[PDB]
6 protein chains.
Amino acid sequence: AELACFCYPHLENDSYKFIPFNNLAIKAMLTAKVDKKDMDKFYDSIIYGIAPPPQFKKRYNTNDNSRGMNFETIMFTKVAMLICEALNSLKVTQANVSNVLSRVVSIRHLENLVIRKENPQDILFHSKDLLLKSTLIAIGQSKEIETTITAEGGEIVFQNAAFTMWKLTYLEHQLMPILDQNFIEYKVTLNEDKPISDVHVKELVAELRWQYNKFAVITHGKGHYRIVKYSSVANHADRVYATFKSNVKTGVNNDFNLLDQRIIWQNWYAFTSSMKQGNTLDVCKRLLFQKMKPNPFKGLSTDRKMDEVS
Amino acid sequence: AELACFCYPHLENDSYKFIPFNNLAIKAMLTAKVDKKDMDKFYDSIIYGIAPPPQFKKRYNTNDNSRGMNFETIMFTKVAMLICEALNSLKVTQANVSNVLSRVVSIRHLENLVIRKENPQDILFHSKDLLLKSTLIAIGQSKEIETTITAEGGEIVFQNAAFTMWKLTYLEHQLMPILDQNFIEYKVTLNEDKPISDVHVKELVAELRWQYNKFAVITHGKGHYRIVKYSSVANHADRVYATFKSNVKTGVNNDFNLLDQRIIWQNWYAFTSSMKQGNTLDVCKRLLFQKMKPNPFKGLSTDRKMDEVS
Amino acid sequence: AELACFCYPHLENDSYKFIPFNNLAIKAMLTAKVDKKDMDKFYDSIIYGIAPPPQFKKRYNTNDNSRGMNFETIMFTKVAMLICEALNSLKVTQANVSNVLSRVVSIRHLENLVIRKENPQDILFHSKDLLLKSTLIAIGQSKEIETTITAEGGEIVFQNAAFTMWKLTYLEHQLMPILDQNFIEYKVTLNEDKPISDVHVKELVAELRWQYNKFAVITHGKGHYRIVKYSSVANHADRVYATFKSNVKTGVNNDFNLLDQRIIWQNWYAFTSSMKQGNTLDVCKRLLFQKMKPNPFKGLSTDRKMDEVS
Amino acid sequence: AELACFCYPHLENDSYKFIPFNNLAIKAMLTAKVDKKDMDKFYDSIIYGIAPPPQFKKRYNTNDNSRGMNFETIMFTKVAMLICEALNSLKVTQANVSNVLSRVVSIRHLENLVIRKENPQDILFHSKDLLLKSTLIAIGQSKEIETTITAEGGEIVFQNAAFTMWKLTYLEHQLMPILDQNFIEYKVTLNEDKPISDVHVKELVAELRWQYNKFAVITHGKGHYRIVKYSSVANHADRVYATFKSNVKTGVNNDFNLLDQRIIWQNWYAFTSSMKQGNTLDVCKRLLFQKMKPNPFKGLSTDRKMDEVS
Amino acid sequence: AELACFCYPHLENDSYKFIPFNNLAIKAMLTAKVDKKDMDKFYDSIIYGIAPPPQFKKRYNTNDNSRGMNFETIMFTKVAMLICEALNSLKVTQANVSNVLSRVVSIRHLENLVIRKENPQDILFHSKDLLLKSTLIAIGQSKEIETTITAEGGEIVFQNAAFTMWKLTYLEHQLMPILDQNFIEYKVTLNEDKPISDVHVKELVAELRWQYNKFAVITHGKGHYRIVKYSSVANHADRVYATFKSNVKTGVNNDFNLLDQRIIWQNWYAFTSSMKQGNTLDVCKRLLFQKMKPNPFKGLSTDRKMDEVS
Amino acid sequence: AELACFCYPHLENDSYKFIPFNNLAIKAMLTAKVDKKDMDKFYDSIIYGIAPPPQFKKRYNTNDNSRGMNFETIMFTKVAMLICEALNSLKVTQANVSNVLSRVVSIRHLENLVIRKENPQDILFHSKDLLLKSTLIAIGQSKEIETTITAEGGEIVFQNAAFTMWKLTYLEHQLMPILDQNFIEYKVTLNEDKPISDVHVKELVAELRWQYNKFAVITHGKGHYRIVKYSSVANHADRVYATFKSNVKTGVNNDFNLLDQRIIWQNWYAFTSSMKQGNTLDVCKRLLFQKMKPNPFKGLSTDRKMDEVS
Ligand SMILES: [Mg+2]
Ligand SMILES: [Mg+2]
Ligand SMILES: [Mg+2]
Ligand SMILES: [Mg+2]
Ligand SMILES: [Mg+2]
Ligand SMILES: [Mg+2]
């Protein structure tokens with residue numbers, strides 16, 4: 001959903017502060033009759049303050065809508081505050097306000113950060129500057145790359161010198177949980193942005209082949225690996241391509257990190273290298289469905305299997 | 001119930017302060033044997049302080065009484081405090097104390113205000129002067145008209161530039177809930193006290209005809225619409241008339257706002273216009289039961305129906 | 001789903017008997033690896049007997065599939081028995097078996113009949129020939145028209161000399177309940193197949209205008225009215241048309257009862273009269289979205305409203 | 001545990017009938033003081049009948065013993081009856097009684113058969129001769145090979161023309177459940193005892209490599225595959241060897257079916273082929289821990305992965 | 001309580017049959033106003049049949065009485081039936097009826113027999129003649145001695161060739177449970193009425209010294225041992241003496257089995273041998289409180305302790 | 001477990017402070033792939049701080065490990081803090097840090113101290129110096145002897161001028177409870193370290209013989225008695241000997257307090273006196289299993305028994 005779904009802008013001393021919505025103001029908005037002239041304007045409830053633009057009604061779950069968010073949970077307020085805390089660390093100028101609030105962000109990413117920020121064991125609980133960097137990356141108002149320390153979080157299921165792998169907890173989420181219960185996705189983040197030695201890559205690939213054999217290793221180009229079910233690689237190719245296409249139409253720069261060719265699924269490296277060369281979706285997606293002949297380390301499966309036998 | 005059911009007056013520096021009753025003092029009063037000479041005087045429990053006059057015993061629920069209030073709930077204290085907070089914002093002089101405490105008020109209205117005052121999303125939680133205006137209107141110690149910002153509250157089910165419509169939550173109430181579970185009533189308050197354009201009236205009437213077709217649109221003359229079941233319009237006519245009659249006997253001024261003739265139920269506008277002309281109950285009530293031939297906007301039902309089909 | 005999802009055919013003395021599936025046989029089928037040569041053939045589990053053809057896997061709910069049926073409930077067995085009881089009342093010859101088992105039927109209709117058959121108050125519990133007629137209509141192996149006595153059932157919400165109106169209980173269903181909780185549909189069945197006097201039609205239309213004002217009165221042409229939300233008339237038009245189209249391609253006769261023009265929604269009568277004239281979907285569906293100028297009984301709303309006021 | 005833990009022998013007309021123990025007779029036995037002269041003799045409680053020999057005390061769970069069985073469950077009686085039903089289908093002669101009752105059997109195998117026998121969907125519920133064959137195989141009083149139709153049961157997780165694979169449910173068991181909750185074991189039984197075509201083997205191996213990559217495919221030589229965690233192959237090698245060794249000392253014939261070399265784990269085929277050649281445990285077990293260079297079908301993993309991508 | 005608390009006599013063909021009371025007839029009796037002339041006569045409720053004599057009111061628990069029985073439990077009916085079943089196995093003649101019904105019996109003993117009779121594992125469930133012998137002993141209408149096979153029952157906590165020891169379950173009882181939760185009593189019954197070898201006595205005494213060191217071994221003279229807390233031996237001496245005294249006044253024969261002098265508590269053997277010589281209570285009870293110098297088997301404690309160390 | 005399982009060292013101003021681990025840092029460590037070069041080094045999670053050395057993985061309960069501790073309970077943090085509070089009361093120098101953190105301690109002892117420290121009735125709650133002395137004794141960084149005031153705690157079941165006896169509550173523990181539910185152990189601590197008069201010893205031995213007859217009175221040499229089941233004396237002899245042996249190899253001084261010969265179990269005094277003379281395990285352990293002929297106070301059992309009879 002867009003940032004304008006959680007906060008509205010307020011000017012103070014020619015510097016913009018952002019304010020979370022009340023959920024009762026959202027609920028009043030969803031019952032409002034509004035002119036089409038006013039659907040892009042912020043709504044005013046008399047009782048509960050300002051509400052998002054009525055054009056965003058579909059972002060909110062209703063008796064009719066299940067494809068939105070659960071805006072009446074406490075989590076909605078925590079995520080709105082988190083966004084607002086980060087938008088206020090910038091001082092957005094009037095020229096920029098409409099653009100920042102238009103940015104579409106992952107609610108599940110933001111919720112996971114709240115879970116990190118409120119956990120006293122997590123470094124984000126103790127470093128207001130780390131949390132701010134983490135949130136700024138999430139809401140796309142920073143060009144730093146998400147790494148382990150700035151990751152959205154989840155359950156750590158594997159760690160080594162170079163990588164931390166997280167299980168994404170989206171089924172348990174309060175604000176916008178994934179509905180199909182057959183969902184499983186993992187994330188591999190970089191600990192540092194340095195080059196990685198071959199042994200630390202071998203360790204990762206061994207774990208993925210042994211424990212995540214039914215998962216593809218892909219990426220959306222923003223610097224980290226995503227461990228997704230093979231039955232969903234086709235949908236991921238669609239969304240990655242739409243984003244690559246939409247950014248070519250808008251002029252936004254498309255720098256896509258293909259990551260290590262030894263870790264990424266071979267077919268996915270093909271589909272995304274082709275995409276990075278400029279080919280259309282159909283040229284690109286057909287490479288997902290080919291069976292390619294060749295790979296990087298051999299016998300990794302056997303080593304781990306023989307370790308278990310002991 | 002009368003204001004004297006929640007507070008008693010105490011003098012300090014020739015200015016009256018009001019003090020909420022303890023519910024255990026009420027419970028002691030309900031067991032007291034009192035002279036008829038003393039039934040209009042405030043009762044003294046030895047253990048729990050002052051108690052309402054014993055003539056008010058019927059206002060309180062007992063093993064025998066179900067037509068009173070649940071004075072032992074925490075809500076009774078909150079409502080008593082709310083009343084007392086407003087009575088203390090005035091400085092009632094000795095000549096006036098008996099009259100203010102004699103005023104009969106809607107407990108359900110007062111309870112709903114408590115629900116607004118204790119809700120951090122509600123403007124009443126943040127504006128002590130709005131809350132005071134709201135309470136003063138409720139306890140009839142102000143001649144301002146209830147509007148959306150000063151409304152008793154409830155669930156917002158419709159809003160536009162001119163109107164907010166509230167569902168009255170009286171079944172869930174703690175202090176004096178409505179007992180029949182077949183109850184449904186709605187309230188339409190004015191957002192501002194200005195004149196209203198024809199489009200904003202058309203929007204309201206369309207919603208009422210489409211979503212509240214089984215409800216009459218009536219008013220008690222105090223500036224807002226009440227959406228009530230047709231099976232209860234007869235009882236409402238009684239109470240509105242009794243009030244109009246009792247105020248003619250007492251000399252209290254009867255200014256009755258008939259509201260927009262395009263919104264009010266046609267028959268009800270008739271019964272109340274006749275009442276405002278001075279006719280008796282029987283002349284007036286018989287106009288409720290006539291079927292009148294004609295109305296203000298045609299095809300509003302069809303427009304909304306055709307919108308839904310898309 | 002097709003009849004072959006609940007029973008398989010077995011020959012005895014050149015007369016076909018049908019046998020319900022075990023749900024564990026279905027569960028074994030859903031784990032089976034089967035040649036494409038064999039996907040239209042009945043599956044053999046070793047432990048639990050015969051199972052439906054693997055081409056029907058999608059009809060059954062899985063960890064992956066939610067758009068099928070809950071075949072592991074007791075209700076699945078009751079519905080399979082009901083089908084089988086009716087298929088055995090016929091003696092289907094070898095030429096016919098594949099055609100009967102190919103027939104697609106409403107599981108919710110069949111489940112509702114089970115609820116009637118097992119209820120000792122219901123005439124279906126007492127008349128094995130009524131139940132058989134009811135089931136034969138449901139599984140499309142009879143050309144009699146569904147009437148009140150043979151209806152699928154539900155909660156009776158209105159009855160008069162000519163009509164019974166049923167609320168469809170599909171949200172509570174065990175085998176294939178409707179998932180959106182915003183669902184409400186009603187059914188109006190004929191008590192007898194005779195002509196209906198004008199007063200009995202006036203009674204029905206009055207109830208629908210007063211109590212079901214937010215519902216369209218439509219029909220699928222098989223002899224009874226369906227009371228559906230206006231927001232769903234578009235989807236109903238699609239399915240009715242597909243059926244009318246698919247039967248023109250297959251040569252199946254399309255007799256469509258347009259029912260009383262005074263009861264059916266005006267726009268729907270148009271879309272279906274146009275369909276019955278042979279026009280394409282787009283010519284027909286556009287008549288759903290027009291606003292037409294004129295209707296049959298006037299003042300019915302007012303009469304019922306005035307009755308309530310008393 | 002030994003068969004003498006569930007039944008005792010009783011002679012009628014020079015033919016032996018077997019009788020299940022009462023669990024209260026077992027409980028009396030566990031409190032009994034018995035001469036060492038009598039520890040191999042059946043115990044007599046006065047109140048509850050005959051009880052197992054006191055030398056079997058350790059087979060029964062106590063406040064002190066957790067490595068025995070839950071003899072006070074209803075399941076103990078069902079398993080005792082099942083054993084007794086099968087022992088009575090034979091007519092064991094006096095020379096044989098001590099030998100049959102000495103036979104050690106898998107309680108979990110017997111419990112699983114009870115779960116099949118009491119399930120109306122299961123063929124064992126309907127065929128008293130199949131159930132008897134199944135039980136006779138289980139209690140080692142038959143030289144037929146366990147196949148799908150005679151299998152102990154469990155959840156079917158894969159089936160094809162040649163094989164059925166079962167998940168062993170031992171954690172849910174009442175009489176002697178597996179305690180570590182980290183347990184998972186699967187069983188692959190033959191549907192028929194015929195030769196198996198190469199495609200049906202390819203189908204099995206593809207499923208095992210894709211869905212059971214973290215499992216070894218081994219066998220105990222009695223005609224079916226066992227899918228066990230690699231971390232437990234070492235323990236299985238011990239038990240298989242002890243049995244092979246103990247049968248060489250006792251003269252019992254050791255026919256060990258090595259099954260298909262394309263399905264069995266390569267190392268396990270080695271350890272068991274060596275065992276079948278007569279080598280000692282240490283020569284044999286060391287072959288489990290080698291990493292061997294080569295295998296039967298290549299690209300099976302890739303085919304299944306590419307199927308999922310579609 | 002007396003037998004007349006559970007049944008009343010009814011004559012048929014000059015042979016007496018006994019009939020259980022309805023608990024509602026008892027409840028009517030406890031509200032009845034009755035002449036003192038009629039307190040020893042059976043009461044007639046009009047609605048529920050015959051009720052016990054009103055002189056027995058104190059035997060029944062009331063809002064006022066806790067020292068009686070819970071006559072409204074199902075257990076009361078089962079115990080009444082058990083008594084009645086045994087009274088009907090005799091054919092009590094008119095001369096005898098008043099005497100049998102006057103007999104005072106242990107309700108807890110009778111309840112325990114019901115628990116044995118309704119247990120399919122218990123021989124009493126299968127032998128109507130054993131159950132009858134057991135009940136006849138209990139209600140003192142038989143001079144046979146209670147043994148293991150005829151015991152009242154409970155949990156078996158020790159058994160050997162000569163003895164069975166039972167834990168008395170009186171805290172869990174439905175009809176008349178022991179109220180202090182600090183209660184523990186055990187019973188040692190003879191398996192046969194033969195002489196007992198010295199090893200089987202050594203086994204019993206070893207178990208009592210090791211596991212029941214805080215318990216006295218006493219007897220009430222009726223052929224079995226009672227394992228009671230030392231803090232209650234004084235009360236037991238009272239009741240045993242009262243019975244021995246009351247039977248000397250009534251002429252009932254007093255045969256008191258002193259049991260094995262090696263098993264009985266030394267002091268208790270003294271108090272009861274003195275009682276059997278004719279001394280008064282004070283001569284006898286003072287022997288309970290002496291500390292006597294010497295005993296039968298030495299080192300039994302040490303043997304059992306050393307067994308445990310291994 | 002070793003002290004390094006709860007805290008890691010941090011240097012400040014050439015004085016060492018110790019810091020508790022986060023349990024999420026431990027959980028990240030248990031998923032980490034670590035070089036063998038690094039298994040003795042403290043682990044760094046990026047998100048949750050420092051974690052114990054990976055060589056300690058087995059000290060922590062996992063889905064696979066039940067023989068470790070429940071490090072995710074709040075109790076783990078309280079025990080880590082308690083350790084850290086005591087390690088910081090010392091100022092451990094760099095030479096010493098590795099040695100202190102290597103010390104193996106009783107987690108159950110530490111948990112019991114937490115239960116004392118957080119109890120406002122306990123003197124440890126009020127005396128930070130008593131608590132520190134108590135913890136320093138527990139973690140073996142003090143040579144004072146545990147006494148009643150510094151005891152680990154538990155339920156007091158007996159007290160006199162010289163001794164307090166505690167029931168060890170290890171089954172209820174959160175961090176590392178004893179799993180067998182058949183566990184019972186008691187502790188007898190000295191109130192003062194003075195000589196004890198003969199009457200106060202007689203009082204203790206009387207209580208142990210009467211109420212703990214099935215328990216051996218032993219000691220591990222550190223100044224207090226342990227009341228353990230005879231069935232476990234053999235295991236205790238093993239552990240006491242291993243400690244005595246391991247300290248002879250390491251040069252740590254072995255001062256073993258044999259305590260009062262009148263209180264200790266005779267056989268145990270023998271096994272430990274022999275151990276203190278230098279004999280091997282087999283010479284020593286065989287003295288546990290002998291039956292020795294003679295003891296200190298006679299008739300103590302009889303006195304207590306006779307007290308109870310009154
Ligand atoms: Mg990415
Ligand atoms: Mg009004
Ligand atoms: Mg139809
Ligand atoms: Mg095998
Ligand atoms: Mg006796
Ligand atoms: Mg010690």
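Residues numbered from 1 in each chain as written, not as in the entry; some residues may be left out. Chains lettered and ligands numbered in written order. Part of a larger assembly, values for the part shown. Heavy atoms only, no water. Residues with missing side-chain atoms left out of burial classes, pairs and counts.

Per the PDB entry, chain A goes by Non-structural protein 2 and derives from Rotavirus A. Of the comments in the UniProt record for chain A, the one headed Sequence similarities (unreviewed entry) reads "Belongs to the rotavirus NSP2 family." Listed in UniProt under the heading Subcellular location (unreviewed entry), the comment for chain A reads: "Host cytoplasm". (UniProt positions renumbered as here; feature names shortened; annotations may be inferred.)

Asks: Before we move on, can you summarise the sheet that holds strand 7 (residues 185–190) of chain B with the specific residues and values?
Replies: All names here are of chain B. Sheet architecture is open: 5 strands sit in the order 5-6-7-9-8, paired in antiparallel fashion. With partners counted over all chains shown, the strands left at the sheet margins are strand 5 (155–159) and strand 8 (215–219), one partner each. Between one strand axis and the next, the sheet turns by 25 degrees as a mean value, whatever way the strands run. Of the strand pairs in this sheet, strand 8 and strand 9 (residues 225–229) are connected by 5 bridges, and their pairing is antiparallel. (Pairing = 2+ DSSP bridges. Helix = DSSP H or I, 4+ residues; strand = E, 2+ residues; numbered from the N terminus. Axes fitted to C-alpha atoms, helices over the stretch in contact; angles between N-to-C directions.)

Asks: Please provide a residue-by-residue account of the sheet that holds strand 9 (residues 225–229) of chain E, values included.
Replies: All names here are of chain E. Strands sit in the order 5-6-7-9-8 across an open sheet of 5 strands; the sheet is antiparallel. The open sheet has two edge strands with one neighbour each: strand 5 (155–159) and strand 8 (215–219). When the angles between neighbouring strand axes are averaged without regard to direction, this sheet yields 25 degrees. Each of strand 5, strand 6 (163–167), strand 7 (185–190), strand 8 and strand 9 touches helix 7 (residues 198–211); the most contacted strand, strand 6, lies at about 20 degrees to it. (Contact = heavy atoms within 4.5 Å.)

Asks: Let's hear about the relation of the copies chain F and chain A: which residues, and what values?
Replies: By a simple turn and slide, chain F fits onto chain A: the slide is 0.0 Å along the axis, the RMSD is 0.0 Å, and the turn is 90 degrees. With respect to symmetry, the two chain copies, as superposed, fit the operation of a four-fold axis. Ranked by how close their C-alpha atoms come to the rotation axis, the residues of chain F are headed by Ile 74 of chain F, at 18 Å. (Least-squares fit on C-alpha atoms.)

Asks: Outline the relation of the copies chain A and chain D, supporting the account with residue identities and numerical values.
Replies: Two chain copies here: they are related by a rotation about an axis and a translation along the same axis. The two copies are related by a screw motion: chain A maps onto chain D through a turn of 180 degrees and a shift of 0.0 Å along the axis, at an RMSD of 0.0 Å. Between the two chains, the operation in question is that of a two-fold axis. Minimal C-alpha distance to the rotation axis in chain A is attained by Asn 213 of chain A, lying at 3.8 Å. Of the interface residues in chain A, 100% have counterparts in chain D that sit at the interface too, so the contact is made through matching surfaces.

Asks: Quick one: what's the story with the pattern of salt bridges, residue by residue and with numbers?
Replies: Between side chains of opposite charge, a pair can form as their charged atoms come close. Scanning the entire structure with this criterion turns up 88 salt bridges over all chains. Across the pair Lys 194 of chain A and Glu 192 of chain A runs a salt bridge, and its minimum N-O distance is 2.9 Å. According to the relative accessible area criterion, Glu 192 of chain A is partly exposed, its value standing at 44%. Notably, a salt bridge pairs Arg 262 of chain F with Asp 198 of chain F, separated by 2.6 Å at the nearest N-O pair. Taken together, the positions of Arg 262 of chain F in the loop between helix 8 (233–250) and helix 9 (266–277) and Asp 198 of chain F in helix 7 (residues 198–211) put the pair 64 residues apart, joining distant regions of the chain. The partly exposed category is assigned to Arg 262 of chain F, whose relative accessible area is 27%. On the basis of relative accessible area, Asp 198 of chain F is assigned to the partly exposed category, the value being 46%. (Salt bridge = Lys/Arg side-chain N within 4 Å of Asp/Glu carboxyl O. Buried < 20%, exposed > 50% of the residue type's maximum accessible area, 1.4 Å probe, protein only.)

Asks: I'd love a proper account of the UniProt feature "active site" (unreviewed entry) in chain A, names of residues and values included.
Replies: If you check UniProt for "active site" (unreviewed entry), the listed places come out as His 224 of chain A in our numbering. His 224 of chain A has contacts with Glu 146, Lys 187, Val 188, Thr 189, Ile 218, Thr 219 and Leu 259 of chain A, leaving out every residue within four places of it along the chain.

Asks: I'd like a rundown of unusual backbone geometry, residues and numbers included.
Replies: The phi dihedral of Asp 14 of chain A falls on the positive side, at around 50 degrees, and the residue is not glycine. Tracing the backbone shows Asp 14 of chain A in the loop between strand 1 (7–12) and strand 2 (15–20).

Asks: Residues and numbers for helix 7 of chain E, please.
Replies: Its 14 residues place the ends of helix 7 of chain E 20 Å apart at the C-alpha level, agreeing with the 20 Å of an ideal helix rising 1.5 Å per residue. Along helix 7 of chain E, the residues classified as buried are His 200, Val 201, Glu 203, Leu 204, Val 205, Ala 206, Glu 207, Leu 208 and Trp 210 of chain E. (Expected span 1.5 Å × (residues − 1).)

Asks: How would you sum up the domain arrangement of chain A? Please name residues and give values.
Replies: Residues and elements named next belong to chain A. Taken domain by domain, chain A consists of domain 1 (1–144) and domain 2 (151–309). Each of domain 1 and domain 2 has a C-alpha centre, and the two are 29 Å apart. Across the boundary between the two partners, domain 1 contributes 21 residues, which contact 15 residues of domain 2. For the pair domain 1 and domain 2, the summed buried surface comes to about 1500 Å²; carbon and sulfur atoms form 53% of the total. Ranking the residues of domain 1 by area buried against domain 2 places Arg 108, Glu 111 and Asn 112 at the top, with a combined share of 42%. Along the contact surface separating domain 1 from domain 2 lie 0 salt bridges. In this assembly, domain 1 and domain 2 are joined by 9 residue pairs in polar contact. Sorting the residues of the side of domain 1 that touches domain 2 by element identifies helix 2 (74–89) and helix 4 (107–117) as the ones contributing at least two each. (Domains from an automatic or database assignment. Buried area = accessible area lost by both parts, 1.4 Å probe. Polar contact = N/O pair within 3.5 Å; in protein donor to acceptor, adjacent residues only side chain to side chain.)

Asks: Could you give me a rundown of the interface of chain F and chain A, with the residues and numbers involved?
Replies: Facing 15 residues of chain F, the contacting portion of chain A comprises 18 residues. For the pair chain F and chain A, the summed buried surface comes to about 1300 Å²; carbon and sulfur atoms form 51% of the total. Interface area lost by chain F to chain A is led by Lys 33, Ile 46 and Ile 47 of chain F, which between them contribute 48%. Our enumeration of links across chain F and chain A arrives at 1 salt bridge.

Asks: Please set out the interface of chain A and chain D residue by residue, giving values where relevant.
Replies: Between chain A and chain D, the contact holds 21 residues from the first and 21 residues from the second. Of the roughly 2000 Å² buried between chain A and chain D on both sides combined, carbon and sulfur atoms contribute 61%. Between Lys 291 of chain D and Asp 303 of chain A there is a salt bridge, and its shortest N-O distance comes to 3.3 Å. If you look at where chain A meets chain D, you find 6 residue pairs in polar contact. Counting only elements with at least two residues in the side of chain A that touches chain D, the list comes to helix 7 (198–211), helix 10 (281–289) and helix 11 (300–309) of chain A. The dominant element in the side of chain A that touches chain D, judged by the number of residues it contributes, is helix 11 of chain A, at 6 residues. When grouped by side-chain class, the residues that make up the side of chain A that touches chain D number 8 nonpolar, 7 polar and 6 charged. (Nonpolar A, V, L, I, M, F, W, Y, C, P; charged D, E, K, R; others polar.)

Asks: A description of the pairing of strand 2 (residues 15–20) of chain F should follow, citing residues and the corresponding values.
Replies: Residue and element names in this part refer to chain F. Sheet analysis places strand 1 (residues 7–12) next to strand 2, joined by 6 bridges and oriented antiparallel. Its bridge partner being in strand 2, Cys 7 is matched across the sheet by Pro 20. Hairpin geometry of strand 1 and strand 2 is characterised by an intervening segment of 2 residues between the two adjacent antiparallel strands and by a positive phi of about 60 degrees at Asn 13.

Asks: How would you sum up the UniProt feature "binding site: ATP" (unreviewed entry) in chain A? Please name residues and give values.
Replies: Residue and element names in this part refer to chain A. Using the residue numbers shown here, the UniProt feature "binding site: ATP" (unreviewed entry) corresponds to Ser 106, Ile 107, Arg 108, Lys 187, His 220, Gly 221, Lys 222 and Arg 226. Here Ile 107 is in contact with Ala 1, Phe 6, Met 69, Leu 175 and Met 176, once residues within four sequence places are set aside. Inspection of the secondary structure puts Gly 221 in the loop between strand 8 (215–219) and strand 9 (225–229). A residue is classified by how much of its surface remains accessible, and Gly 221, at 6% relative accessible area, is buried. Discounting chain neighbours no more than four positions away, the residues touching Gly 221 are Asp 255, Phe 256 and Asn 257.

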